[PDB]
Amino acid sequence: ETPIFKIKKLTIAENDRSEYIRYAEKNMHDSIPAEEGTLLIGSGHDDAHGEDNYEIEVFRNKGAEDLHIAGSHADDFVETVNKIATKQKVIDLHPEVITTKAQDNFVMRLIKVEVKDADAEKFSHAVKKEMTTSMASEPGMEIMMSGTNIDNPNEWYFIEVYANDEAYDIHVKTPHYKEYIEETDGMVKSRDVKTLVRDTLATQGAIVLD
């Protein structure tokens, strides 16, 4: 049925991040490829606010998510996070487009975009065109995922992983990106970007759900 796409903002003292990363790495390693329904597990910390970790999970469906949650490695991760995190916030997303390539210099960006209610459908189509062409044409684009907040359909979250800074620079200069920014001008009310330092990232190969 509908895939599960969640982002967990976990505020953890920079002093406790090594313990966090150990359990984050075990969670990733023991989940992929062992769990058939686990499509992506990863985590990155805000380059500007090192205490903020953004843990990203994608499952085939709710059932797959539950199977993951029942795993010992998932128990260990949540126990660890509950023990050390001063704040936690879970963002549940309705997946729109989820694209990945299979598997140091990686650039990871988390973008929150508020879209005007009247432009929901037009925006969705525009961003799908851009993401699909980027994944088909840019070898430096590793992961591109989009979803809308279940609690507010006009709030979009994007996760973009680029191979390096060069891939990022190229991405904004393509013909398809130019089209995207013209088409969506006036549809976007606000855009908040967090540049994350990748700590963990794994996927169950090349995924293309649009």
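From 1 onward, residues are counted along the sequence shown.
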Exercise. Unmodelled stretch from the deposited sequence between residue 86 and residue 87, which bin: none, 1 to 3, 4 to 9, 10 or more?
Worked result: none
For this session: Take the C-alpha B-factors listed in the entry for 122-130 and for 105-113, compute each mean, and give the stretch with the larger one.
Result: 105-113
Seminar exercise, completed: As the entry reports it, the stretch among 74-82 and 94-102 with higher mean C-alpha B factor is 94-102
Exercise. Lowest, middle or highest third: where is residue 155 by C-alpha B factor in its chain?
Worked result: middle
For this session: Divide the modelled residues of the chain into thirds by Cα B-factor and specify which third, lowest, middle or highest, holds residue 30.
Result: middle
Problem set entry | Assigned third (lowest, middle, highest) for the C-alpha B factor of residue 7 | middle
Exercise. Against its chain's modelled residues, does residue 180's Cα B factor rank lowest, middle or highest third?
Worked result: middle
Exercise. In terms of the CA temperature factor given in the entry, to which third of its chain does residue 45 belong: lowest, middle or highest?
Worked result: lowest
